[PDB]
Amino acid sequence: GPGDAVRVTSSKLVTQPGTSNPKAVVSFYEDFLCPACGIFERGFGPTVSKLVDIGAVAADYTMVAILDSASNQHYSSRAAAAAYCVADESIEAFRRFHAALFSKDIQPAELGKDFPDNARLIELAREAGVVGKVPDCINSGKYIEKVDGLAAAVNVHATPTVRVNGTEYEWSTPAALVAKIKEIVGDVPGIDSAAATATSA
């Protein structure tokens, strides 16, 4: 994630003919402390993952830190920054690490007293499959200023915000997202499967 957003794609990515541009880019703007983003990601994550796998979409994630403050031990910014650290090593590891932070067992309550510290974030990055420069990147706070400026850069102050090809998308169910994507990329292999299993989780 170079680059304000971390882009997640598979080798099956369906592109616009005559280009290397994805036909459908779903943009997600999220805060790791936001309980609404937690609900969204736990509900939609598998379906988005499947849309990526079959090549139907590129999934771009911009981890903002709008909830960050001393009162939450800077969890919003440290987690977002950690995700960008992880993405530097491996896109696949970012995928697991991003899913991990929004999982019910890990995401901290917004107004609670306990939040993963930097050592815990590094440990979760390790579990996601990467070390490399992550521990230094996290401990040094390499991406703190970056993530703290992201909300202003993309004009997002409510999360999760989703766009489909740049246009605001009023999401509802994962099955409806599959339907929306199919209107753009068509009946590509795996999409009806993605729809049917989205209707059942």
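Quick note: we count residues from 1 along the sequence shown, nothing fancier.
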Mean Cα B-factor comparison, 115 to 123 or 70 to 78, giving the higher one as deposited: 115 to 123
Segment of higher mean CA temperature factor, 30 to 38 or 157 to 165: 157 to 165
Most elevated Cα B-factor in the entry, residues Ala56, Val48, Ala65, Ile138: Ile138
Candidate residues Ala100, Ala109, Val130, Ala83, the one whose C-alpha B factor the record puts highest: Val130
Chain third (lowest, middle, highest) by recorded CA B-factor, residue given as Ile191: highest
Where the record places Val52 (Cα B-factor, split into thirds across the chain): middle
B-factor third for the C-alpha atom of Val14 within its chain: middle
Record-listed C-alpha B factor of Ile144: chain third: middle
Chain thirds of CA B-factor: placement of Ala175: highest
